[PDB]
Amino acid sequence: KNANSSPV
Amino acid sequence: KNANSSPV
Amino acid sequence: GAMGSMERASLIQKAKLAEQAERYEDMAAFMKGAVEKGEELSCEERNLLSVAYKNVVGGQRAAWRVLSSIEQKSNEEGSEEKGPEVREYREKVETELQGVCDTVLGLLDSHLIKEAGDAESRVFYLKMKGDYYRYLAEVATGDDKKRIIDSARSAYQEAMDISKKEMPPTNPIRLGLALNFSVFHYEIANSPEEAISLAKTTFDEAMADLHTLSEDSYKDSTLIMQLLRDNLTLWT
Amino acid sequence: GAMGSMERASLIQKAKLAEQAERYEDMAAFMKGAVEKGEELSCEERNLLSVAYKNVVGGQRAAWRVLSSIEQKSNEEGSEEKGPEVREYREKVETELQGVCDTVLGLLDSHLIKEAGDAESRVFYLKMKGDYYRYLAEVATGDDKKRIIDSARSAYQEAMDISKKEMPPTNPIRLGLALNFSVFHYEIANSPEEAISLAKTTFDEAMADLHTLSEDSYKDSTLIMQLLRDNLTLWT
Ligand SMILES: [Ca+2]
Ligand SMILES: [Ca+2]
Ligand SMILES: [Mg+2]
Ligand SMILES: [Mg+2]
Ligand SMILES: [Mg+2]
Ligand SMILES: [Mg+2]
Ligand code: NA
Ligand code: NA
Ligand code: NA
Ligand code: NA
């Protein structure tokens, strides 16, 4: 994955 | 898992 | 629906068991059944719904990325022709991913968003709507790509407007929304400067509000703030 | 079958793509379609078939163990009554696991084992037959439990007899068969001494044959020998 996104 | 088994 | 005969409470109970068993497809089907009972979802139930579908689509997205990479390499100069199988199988995974996104968007439209009056629930669902249009955008190539992107942008923007008016800057859903909207700007909308600006401002406004929080709230907020910082480290 | 219209070679190609994408349910469906073309499987194709179903059932077994543990705790003294949901959902996962095992055993019986004349293919398939009866045995509780256990034992025993006559003690399939039959003795047949004896003798006879092997064969054999040693460390 290219970037961090929200866990929820 | 209780023990090691074969990878194939 | 196949869950129509099961009690709402039993569906929620089984969604929690499926999570413990890492059976996320089951978890999503149980939570879909719960949504289709027609009652609003509690905070914990909204989290179960999101976790379930996040894991299902997350596996699909990872597979799609593997297959798209193979497909791209097959179209490079000097690459041996291997027939239609790579494209076919990428399309298979893509169509299944699109189907899950359509299912989630369908639940949000029937009728979770309409009945969400509190800021926390409305922002949560509008963020979800942005997220699943963003996942659709990751694979879109046709004449609907611009419309998919604008649908994600529109949902995120409405969520941002409510969240800024009604929630503290440290609220974990506000933070996760800003995080995801910033990723949308960087990865989808070809707007890295907007992505970086949003992550920076979001981080700084949360930092200034940490002093108001209990130890446990502090931990929840700093967890998401660290993801904003991680992205800024990737991007700058 | 749903794969009836796809070329055998395309099914094998897509099984390899599914493996790269960690899409093991797809991988298993592709390999089932390939088996159902009616031709024998090459060594590489047998490995793809096994890897695919091993991963599918492995996830099911892990989920079943989580749910069975929760169910067992619910039946302890002082545990609050929570209704039928834990049992129902354990049964759901159990029935799906049994269905996959039945599918694999069906492929072995129609007609992979019958047409396997070479030692390597026949031992591979008989080991698989033992394995999937062993997975059925892990969840069996009724009046067929003894028959399921004996079906696993019978398949493993036939594979052992052929492997001892026709394959070197370092052959990775012979080693993996002995490893799994030893686990069957320890975990299923309540025969820990037999399990330990088999693992020891298998390890020692392989050690004595390593000198005959190339560097790459040596690596393949010692990988499985290490699993025998790991089990002996657990068991002694
Ligand atoms: Ca396909
Ligand atoms: Ca169930
Ligand atoms: Mg009811
Ligand atoms: Mg309402
Ligand atoms: Mg043909
Ligand atoms: Mg033959
Ligand atoms: Na091809
Ligand atoms: Na508020
Ligand atoms: Na209950
Ligand atoms: Na031989």
# chains A, B, ... in the order shown; residues from 1 in each chain; ligands from 1
>>> residues_near_ligand(ligand="ligand 1", cutoff="9 Å", atoms="only C-alpha atoms and all ligand atoms", output="JSON, numbers by chain")
{"C": [85, 86, 87, 88, 89, 90, 91, 92, 93], "D": [6, 10, 11, 14, 26, 30]}
>>> write_last_selection(atoms="N, CA and C atoms", output="JSON list (two decimals), in the first residue's frame")
[["chain", "number", "residue", "atom", "x", "y", "z"],
["C", 85, "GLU", "N", -4.79, -14.28, -19.98],
["C", 85, "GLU", "CA", -5.09, -14.79, -18.64],
["C", 85, "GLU", "C", -4.81, -13.76, -17.56],
["C", 86, "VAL", "N", -3.72, -13.01, -17.67],
["C", 86, "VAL", "CA", -3.40, -12.02, -16.63],
["C", 86, "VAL", "C", -4.49, -10.96, -16.58],
["C", 87, "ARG", "N", -4.85, -10.41, -17.74],
["C", 87, "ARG", "CA", -5.93, -9.43, -17.79],
["C", 87, "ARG", "C", -7.24, -10.01, -17.27],
["C", 88, "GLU", "N", -7.58, -11.22, -17.71],
["C", 88, "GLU", "CA", -8.82, -11.85, -17.27],
["C", 88, "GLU", "C", -8.86, -11.97, -15.76],
["C", 89, "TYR", "N", -7.76, -12.42, -15.16],
["C", 89, "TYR", "CA", -7.80, -12.68, -13.72],
["C", 89, "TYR", "C", -7.76, -11.37, -12.93],
["C", 90, "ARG", "N", -7.01, -10.37, -13.42],
["C", 90, "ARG", "CA", -7.08, -9.05, -12.82],
["C", 90, "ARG", "C", -8.50, -8.50, -12.88],
["C", 91, "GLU", "N", -9.17, -8.67, -14.03],
["C", 91, "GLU", "CA", -10.55, -8.22, -14.16],
["C", 91, "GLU", "C", -11.47, -8.96, -13.21],
["C", 92, "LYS", "N", -11.21, -10.25, -12.98],
["C", 92, "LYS", "CA", -12.03, -11.04, -12.06],
["C", 92, "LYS", "C", -11.95, -10.46, -10.66],
["C", 93, "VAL", "N", -10.73, -10.23, -10.19],
["C", 93, "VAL", "CA", -10.53, -9.67, -8.85],
["C", 93, "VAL", "C", -11.10, -8.26, -8.79],
["D", 6, "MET", "N", -12.69, -23.28, -19.39],
["D", 6, "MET", "CA", -11.36, -22.69, -19.44],
["D", 6, "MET", "C", -10.32, -23.75, -19.79],
["D", 10, "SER", "N", -4.59, -22.49, -19.12],
["D", 10, "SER", "CA", -4.99, -21.20, -18.55],
["D", 10, "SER", "C", -5.34, -21.34, -17.07],
["D", 11, "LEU", "N", -5.96, -22.46, -16.70],
["D", 11, "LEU", "CA", -6.25, -22.71, -15.29],
["D", 11, "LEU", "C", -4.96, -22.82, -14.48],
["D", 14, "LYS", "N", -3.47, -19.34, -14.20],
["D", 14, "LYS", "CA", -4.18, -18.52, -13.21],
["D", 14, "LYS", "C", -3.98, -19.04, -11.79],
["D", 26, "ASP", "N", -9.38, -18.90, -4.85],
["D", 26, "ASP", "CA", -9.32, -18.90, -6.30],
["D", 26, "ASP", "C", -8.36, -19.96, -6.80],
["D", 30, "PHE", "N", -9.19, -22.97, -9.37],
["D", 30, "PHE", "CA", -8.49, -23.17, -10.63],
["D", 30, "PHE", "C", -7.89, -24.57, -10.70]]
>>> residues_near_ligand(ligand="ligand 6", cutoff="8 Å", atoms="only C-alpha atoms and all ligand atoms", output="list in words")
residues 40, 114, 115, 116, 117 and 118 of chain D
>>> residues_around(residues="residue 15 of chain D", least_positions_apart="3", cutoff="8 Å", atoms="only C-alpha atoms", output="list in words")
residues 11, 12, 18, 19, 26, 27, 28, 30, 31 and 48 of chain D
>>> atom_distance(atom1="atom CA of residue 105 of chain D", atom2="atom CA of residue 129 of chain D")
6.2 Å
>>> residues_around(residues="residue 6 of chain A", least_positions_apart="4", cutoff="8 Å", atoms="only C-alpha atoms", output="JSON, numbers by chain")
{"C": [176, 177, 179, 180, 224, 227]}
>>> write_last_selection(atoms="C-alpha atoms", output="mmCIF file, in the first residue's frame")
data_model
loop_
_atom_site.group_PDB
_atom_site.id
_atom_site.type_symbol
_atom_site.label_atom_id
_atom_site.label_comp_id
_atom_site.auth_asym_id
_atom_site.auth_seq_id
_atom_site.Cartn_x
_atom_site.Cartn_y
_atom_site.Cartn_z
ATOM 1 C CA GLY C 176 -9.027 9.246 10.512
ATOM 2 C CA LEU C 177 -11.243 11.177 8.105
ATOM 3 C CA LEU C 179 -5.913 11.144 7.223
ATOM 4 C CA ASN C 180 -7.945 9.377 4.514
ATOM 5 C CA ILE C 224 -3.931 8.311 14.380
ATOM 6 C CA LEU C 227 -0.195 7.804 10.878
#
>>> residues_near_ligand(ligand="ligand 8", cutoff="9 Å", atoms="only C-alpha atoms and all ligand atoms", output="number ranges by chain")
C: 119-120, 163, 165-168
>>> interface_residues(of="chain D", to="chain C", cutoff="6 Å", atoms="only C-alpha atoms", output="list in words")
residues 21, 63 and 66 of chain D
>>> write_last_selection(atoms="N, CA and C atoms", output="PDB file, in the first residue's frame")
ATOM      1  N   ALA D  21      -0.891 -13.669  -5.663  1.00  0.00           N
ATOM      2  CA  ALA D  21      -1.815 -12.715  -5.066  1.00  0.00           C
ATOM      3  C   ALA D  21      -2.364 -13.178  -3.725  1.00  0.00           C
ATOM      4  N   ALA D  63      -9.639 -20.985  12.218  1.00  0.00           N
ATOM      5  CA  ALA D  63     -10.886 -20.391  12.706  1.00  0.00           C
ATOM      6  C   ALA D  63     -11.648 -21.367  13.592  1.00  0.00           C
ATOM      7  N   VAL D  66     -10.212 -21.442  17.072  1.00  0.00           N
ATOM      8  CA  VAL D  66     -10.599 -20.267  17.856  1.00  0.00           C
ATOM      9  C   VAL D  66     -12.011 -20.448  18.391  1.00  0.00           C
TER      10      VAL D  66
END
>>> residues_around(residues="residue 185 of chain D", least_positions_apart="2", cutoff="12 Å", atoms="only C-alpha atoms", output="ChimeraX atom specification")
/B:3 /D:130,134,137,149-150,152-153,156-157,178-183,187-199,235
>>> write_last_selection(atoms="N, CA, C and O atoms", output="CSV table (one decimal), in the first residue's frame")
chain,number,residue,atom,x,y,z
B,3,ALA,N,1.3,-28.9,16.3
B,3,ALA,CA,2.5,-29.5,15.9
B,3,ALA,C,2.8,-29.0,14.4
B,3,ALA,O,2.0,-28.5,13.7
D,130,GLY,N,-4.5,-39.1,3.4
D,130,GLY,CA,-4.4,-39.2,4.8
D,130,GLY,C,-4.5,-37.8,5.5
D,130,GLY,O,-5.2,-37.7,6.5
D,134,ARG,N,-7.3,-36.7,8.1
D,134,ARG,CA,-6.8,-36.2,9.4
D,134,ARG,C,-7.5,-34.9,9.8
D,134,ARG,O,-7.9,-34.7,10.9
D,137,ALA,N,-10.8,-35.7,10.9
D,137,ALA,CA,-10.7,-36.3,12.2
D,137,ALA,C,-10.6,-35.3,13.3
D,137,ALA,O,-11.1,-35.5,14.4
D,149,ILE,N,-10.7,-41.8,11.3
D,149,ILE,CA,-9.4,-42.0,11.8
D,149,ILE,C,-8.7,-43.2,11.1
D,149,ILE,O,-7.6,-43.1,10.6
D,150,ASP,N,-9.5,-44.3,10.9
D,150,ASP,CA,-8.9,-45.4,10.2
D,150,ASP,C,-8.7,-45.2,8.8
D,150,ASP,O,-7.7,-45.7,8.2
D,152,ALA,N,-7.7,-42.2,7.5
D,152,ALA,CA,-6.5,-41.5,7.5
D,152,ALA,C,-5.3,-42.5,7.7
D,152,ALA,O,-4.3,-42.5,6.9
D,153,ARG,N,-5.4,-43.4,8.7
D,153,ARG,CA,-4.3,-44.3,9.0
D,153,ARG,C,-4.1,-45.2,7.8
D,153,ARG,O,-2.9,-45.4,7.4
D,156,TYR,N,-2.3,-43.2,4.9
D,156,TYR,CA,-0.9,-43.0,5.3
D,156,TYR,C,0.0,-44.2,5.2
D,156,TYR,O,1.1,-44.2,4.7
D,157,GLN,N,-0.6,-45.3,5.7
D,157,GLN,CA,0.1,-46.6,5.7
D,157,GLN,C,0.4,-47.1,4.3
D,157,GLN,O,1.6,-47.5,4.1
D,178,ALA,N,6.1,-38.9,6.4
D,178,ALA,CA,6.4,-39.4,7.7
D,178,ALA,C,6.2,-38.4,8.8
D,178,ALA,O,5.6,-38.7,9.8
D,179,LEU,N,6.5,-37.1,8.5
D,179,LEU,CA,6.2,-36.0,9.4
D,179,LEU,C,4.7,-36.0,9.7
D,179,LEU,O,4.3,-36.0,10.9
D,180,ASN,N,3.9,-36.0,8.7
D,180,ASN,CA,2.4,-35.9,8.9
D,180,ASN,C,1.8,-37.1,9.5
D,180,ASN,O,0.9,-37.0,10.4
D,181,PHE,N,2.3,-38.3,9.2
D,181,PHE,CA,1.9,-39.5,9.8
D,181,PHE,C,2.2,-39.5,11.3
D,181,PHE,O,1.5,-40.0,12.2
D,182,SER,N,3.4,-39.0,11.6
D,182,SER,CA,3.8,-38.9,13.0
D,182,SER,C,2.9,-37.9,13.8
D,182,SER,O,2.5,-38.1,14.9
D,183,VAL,N,2.5,-36.8,13.1
D,183,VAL,CA,1.5,-35.9,13.8
D,183,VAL,C,0.2,-36.6,13.9
D,183,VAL,O,-0.5,-36.4,15.0
D,187,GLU,N,-1.5,-36.5,17.6
D,187,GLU,CA,-2.6,-35.6,17.8
D,187,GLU,C,-4.0,-36.3,17.6
D,187,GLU,O,-5.0,-35.9,18.2
D,188,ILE,N,-4.0,-37.3,16.8
D,188,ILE,CA,-5.3,-38.0,16.4
D,188,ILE,C,-5.5,-39.3,17.0
D,188,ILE,O,-6.5,-39.7,17.5
D,189,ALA,N,-4.4,-40.2,16.9
D,189,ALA,CA,-4.5,-41.6,17.3
D,189,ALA,C,-4.1,-41.9,18.8
D,189,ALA,O,-4.0,-43.0,19.2
D,190,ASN,N,-3.8,-40.8,19.5
D,190,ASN,CA,-3.5,-41.0,21.0
D,190,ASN,C,-2.3,-42.0,21.1
D,190,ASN,O,-2.3,-42.8,22.0
D,191,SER,N,-1.3,-41.8,20.2
D,191,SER,CA,-0.1,-42.7,20.2
D,191,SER,C,1.1,-41.9,20.2
D,191,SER,O,1.9,-41.9,19.2
D,192,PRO,N,1.4,-41.1,21.2
D,192,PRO,CA,2.6,-40.3,21.2
D,192,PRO,C,3.9,-41.1,21.1
D,192,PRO,O,4.9,-40.6,20.4
D,193,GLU,N,4.0,-42.3,21.7
D,193,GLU,CA,5.2,-43.1,21.5
D,193,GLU,C,5.5,-43.5,20.1
D,193,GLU,O,6.6,-43.4,19.6
D,194,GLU,N,4.4,-43.9,19.4
D,194,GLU,CA,4.5,-44.2,17.9
D,194,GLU,C,5.0,-42.9,17.2
D,194,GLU,O,5.8,-43.0,16.2
D,195,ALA,N,4.4,-41.8,17.5
D,195,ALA,CA,4.7,-40.5,16.8
D,195,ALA,C,6.2,-40.2,17.0
D,195,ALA,O,6.9,-39.8,16.1
D,196,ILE,N,6.7,-40.3,18.2
D,196,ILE,CA,8.1,-40.0,18.5
D,196,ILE,C,9.0,-41.0,17.8
D,196,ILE,O,10.0,-40.6,17.2
D,197,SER,N,8.7,-42.3,17.9
D,197,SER,CA,9.5,-43.3,17.2
D,197,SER,C,9.6,-43.1,15.7
D,197,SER,O,10.7,-43.1,15.2
D,198,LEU,N,8.5,-42.8,15.1
D,198,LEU,CA,8.5,-42.5,13.7
D,198,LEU,C,9.3,-41.3,13.3
D,198,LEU,O,10.1,-41.3,12.4
D,199,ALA,N,9.2,-40.2,14.1
D,199,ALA,CA,9.9,-39.0,13.8
D,199,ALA,C,11.4,-39.3,13.9
D,199,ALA,O,12.2,-38.8,13.1
D,235,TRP,N,7.8,-32.7,21.8
D,235,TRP,CA,7.2,-33.9,22.4
D,235,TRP,C,8.1,-34.6,23.4
D,235,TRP,O,7.6,-35.5,24.1
>>> closest_residue(among="D:215, D:221, D:125, D:96", to="ligand 2", atoms="only C-alpha atoms and all ligand atoms")
D:96
>>> atom_distance(atom1="atom CA of residue 158 of chain C", atom2="atom CA of residue 50 of chain C")
18.8 Å
>>> residues_near_ligand(ligand="ligand 3", cutoff="12 Å", atoms="only C-alpha atoms and all ligand atoms", output="list in words")
residues 3, 4, 5, 6, 7, 8, 9, 10, 11, 33, 34, 36, 37, 38 and 39 of chain C
>>> decode(residues="chain B", atoms="C-alpha atoms", output="PDB file, in the first residue's frame")
ATOM      1  CA  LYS B   1      -1.500 -25.385  15.635  1.00  0.00           C
ATOM      2  CA  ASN B   2      -0.324 -28.123  18.004  1.00  0.00           C
ATOM      3  CA  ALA B   3       2.541 -29.489  15.856  1.00  0.00           C
ATOM      4  CA  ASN B   4       4.490 -28.909  12.660  1.00  0.00           C
ATOM      5  CA  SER B   5       3.196 -30.586   9.517  1.00  0.00           C
ATOM      6  CA  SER B   6       4.401 -30.669   5.900  1.00  0.00           C
ATOM      7  CA  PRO B   7       4.416 -27.483   3.788  1.00  0.00           C
ATOM      8  CA  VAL B   8       3.027 -29.481   0.849  1.00  0.00           C
TER       9      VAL B   8
END
